[PDB]
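What follows is one chain in structure tokens, specifically the form deposited in one PDB entry.
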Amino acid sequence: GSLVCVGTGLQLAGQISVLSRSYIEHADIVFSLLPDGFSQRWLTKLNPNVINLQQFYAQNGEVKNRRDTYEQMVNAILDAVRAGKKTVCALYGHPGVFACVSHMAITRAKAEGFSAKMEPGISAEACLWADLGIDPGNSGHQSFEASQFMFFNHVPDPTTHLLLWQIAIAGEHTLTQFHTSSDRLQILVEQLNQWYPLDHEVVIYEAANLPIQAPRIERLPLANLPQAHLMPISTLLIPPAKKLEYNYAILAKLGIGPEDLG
């Protein structure tokens, strides 16, 4: 048996790589984790042998650590591998981009002596650059998980485009809740205020999942974030607070100055 995790992209059907689709099509079994029932249908028409990982998520107001959720996901994936099935994990977007299941399943697979690999897919990030028409190389790019940024010490570069993923559960430590509180997001605003003014325009972004759907690109002052309507698929974009300034220190070492830049 073997493992190959792929990503399906964000958009229905058309945003998956050619190779990655051919892997779903020739798999013995497929473990899905897709954003909707339209992509789940499409999948089934690609290859009808699918086990949907959604079932392992908390069901029925049930308190379950998302850790315990992922464990079972990994374990179910491994079960098909250890049985000898040519197995494929079909996750939404990029399989390894803020996706623990796949990295854990590849690791476990390789350690038990099985063939495991990860094929890159189009992520929410990749969609954000194209929708907003921003280039991460323009003034640089940073990405952090909203809660990790709130829990540990992370210093952002205020000249870069800053992203905070899973902003909708920002501050939700238990890992049992589907969303966060206003007063959580308010403490995020006060934290961010070390680097960004309260009136700093930020963007709530949501990549479309359907071809008839436009993305959410909602611009608002940082201060109004706690009253915003956030979804699990919401990413927070925080454009540069400052413009690029010259690094005379290094320019000197390089024996040059601003006027010398091509």
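A residue's number is simply how far along the shown sequence it sits, counting from 1. By rigid core we mean the largest C-alpha set that fits within 1.5 Å across both forms.
Look at the mean CA B-factor for 78-86 and for 108-116 in the entry; the higher one is 108-116. Comparing 150-158 with 117-125, the stretch with the higher mean C-alpha B-factor in the PDB entry is 150-158. The PDB entry gives the largest Cα B-factor of the residues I169, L163, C100, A130 to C100.
For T69, the recorded CA temperature factor ranks within the highest third of the chain's modelled residues. Ranked by Cα temperature factor within the chain, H141 sits in the middle third according to the deposited record. Annotation for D28: CA B-factor lies in the lowest third of the chain's modelled residues.
Per the PDB record, residue ranking by Cα B-factor puts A214 in the middle third of the chain. Residue-level temperature factors show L254 in the highest third of its chain, judged at the C-alpha atom.
Although not depicted, the form deposited in another entry is the subject of the following passage.
With the core fitted between the shown form and the other one, just one of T159, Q148, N138, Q191 shows a Cα displacement of at least 2 Å, namely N138. Relative to the superposed core, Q177 undergoes a C-alpha shift of no less than 2 Å between the shown form and the other one. Between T176 and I106, the Cα spacing is larger in the other form than in the shown form, differing by no less than 3 Å. In the other form, the Cα-Cα separation between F178 and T8 grows by 3 Å or more relative to the displayed conformation.
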